[PDB]
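Peer 1: Structure in structure tokens, see below.
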């Protein structure tokens with residue numbers, strides 16, 4: 001299913017996307033697909049969708065999203081930076 | 001500097017809304033017709049061949065919010081001119097009847113049509 | 001009877017248990033669609049089984065069948081109908097041990113009819 005980084009071990013109950021967002025906030029850096037899949041032991045399709053879904057939950061997560069060159073490998077990928085998360 | 005009728009075929013698209021919500025989809029152009037979809041919505045339009053393209057957007061997956069957070073069917077306006085590039089397109093598409101609401105679409109050509 | 005023109009969402013699951021989601025569009029005898037990593041095309045010869053060509057455009061993401069080139073899928077007509085739900089068994093041409101199970105759900109007819 002998925003693994004929970006030691007960074008955020010103490011949030012076992014929260015839904016995956018909250019868990020990911022919180023972890024992201026703790027990196028303070030632009031996070032891509034591969035960064036997430038790595039750290040949560042999920043596959044890449046799943047990692048992409050998580051980013052997509054997070055970006056649609058603006059009442060919960062405050063973030064920015066750019067689409068940027070990497071590599072390259074002359075392509076762009078979606079990266080996300082998560083300011084903070086509301087759990088109330 | 002070229003009109004919106006350019007190559008028939010299949011495109012991948014990436015889009016980002018004015019509030020930085022995003023999505024991934026595919027899009028197919030076939031004559032005067034535009035069809036495509038993603039994980040939560042589908043879209044269609046006719047190339048009126050003289051005007052702006054009206055693209056109709058319908059949500060089929062209610063577990064996931066619209067990228068513009070609209071809770072019914074809406075329409076996007078796609079500009080007549082598109083400007084072109086080498087297998088890459090960047091488009092500004094606003095919601096019909098409200099210009100402050102929009103998506104930036106990054107489209108990449110994959111393949112011609114088999115017929 | 002015969003499958004309806006329109007836009008379909010599809011879910012597919014392989015024998016290696018990878019799964020994925022895509023869209024599929026039917027426009028007469030022309031079948032086209034794709035997902036996050038690959039796209040597909042075929043024509044309904046309307047007398048045989050349908051051959052569907054799968055092309056990978058994003059190799060940063062694995063095929064659900066873990067094939068890392070272009071391949072062909074076989075879709076049998078027998079199961080295609082005019083229902084709003086469809087379930088399909090589709091194997092790789094020349095290899096039945098490699099396959100995907102597809103569930104198709106009808107969303108919407110086409111804007112210019114026939």
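Don't worry about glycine lacking a Cβ; one is built from the backbone with ideal geometry, like all the others, and counts go over all protein chains shown. Please treat every number below as a calculation from the coordinates, not as lab data.
Peer 1: Just name the residue that is nearest to the other protein chains (Cβ to nearest Cβ) out of those in segment A:29-42 that are under 11 Å from the mean Cα position of the chain (by Cα) and in contact (Cβ under 8 Å) with a residue 40 or more places away in the chain.
Peer 2: Among them, the one singled out is A:33.
Peer 1: Mind checking whether some residue in segment A:7-20 is closer than 18 Å to residue B:39 by Cβ and part of a loop (DSSP other than H, G, I, E, B)?
Peer 2: Yes; the residues of segment A:7-20 include at least one that is closer than 18 Å to residue B:39 by Cβ and part of a loop (DSSP other than H, G, I, E, B).
Peer 1: Okay, moving on. Looking at segment A:64-81, which of the residues that are touching a residue at least 40 places away in the same chain (Cβ under 8 Å) and buried (at least 17 other Cβ atoms within 10 Å of the Cβ) is nearest to residue C:66 (Cα to Cα)?
Peer 2: The extreme case among them is A:77.
Peer 1: In segment C:63-75, which residue that is buried (at least 19 other Cβ atoms within 10 Å of the Cβ) and assigned to a loop (DSSP other than H, G, I, E, B) is nearest to the other protein chains (Cβ to nearest Cβ)?
Peer 2: My answer is C:64.
Peer 1: Would segment B:79-102 turn up any residue that is within 21 Å of residue C:107 (Cα to Cα) and either in contact with a strand residue (DSSP E or B) (Cβ under 9 Å, 6 or more places away or on another chain) or facing another protein chain (nearest Cβ under 8 Å) (or both)?
Peer 2: no
Peer 1: Considering segment C:1-57 alone, what residues qualify as being at the interface with chain B (Cβ under 8 Å from one of its Cβ atoms), in a loop (DSSP other than H, G, I, E, B) and over 24 Å from residue C:109 (Cα atoms)?
Peer 2: C:57
Peer 1: Can I ask one more? Every residue in segment C:78-91 that is more than 12 Å from the chain's Cα centre (by Cα) and over 19 Å from residue B:60 (Cα atoms), please.
Peer 2: Hits for segment C:78-91 are C:78, C:79, C:81, C:82.
Peer 1: Here's another thing I want to ask about it. Hey, could you check segment A:43-68 for residues that are over 20 Å from residue B:39 (Cα atoms) and either within 10 Å of the chain's Cα centre (by Cα) or not in a strand (DSSP E or B) (or both) and say which is farthest from the other protein chains (Cβ to nearest Cβ)?
Peer 2: Filtering first and then ranking leaves A:60.
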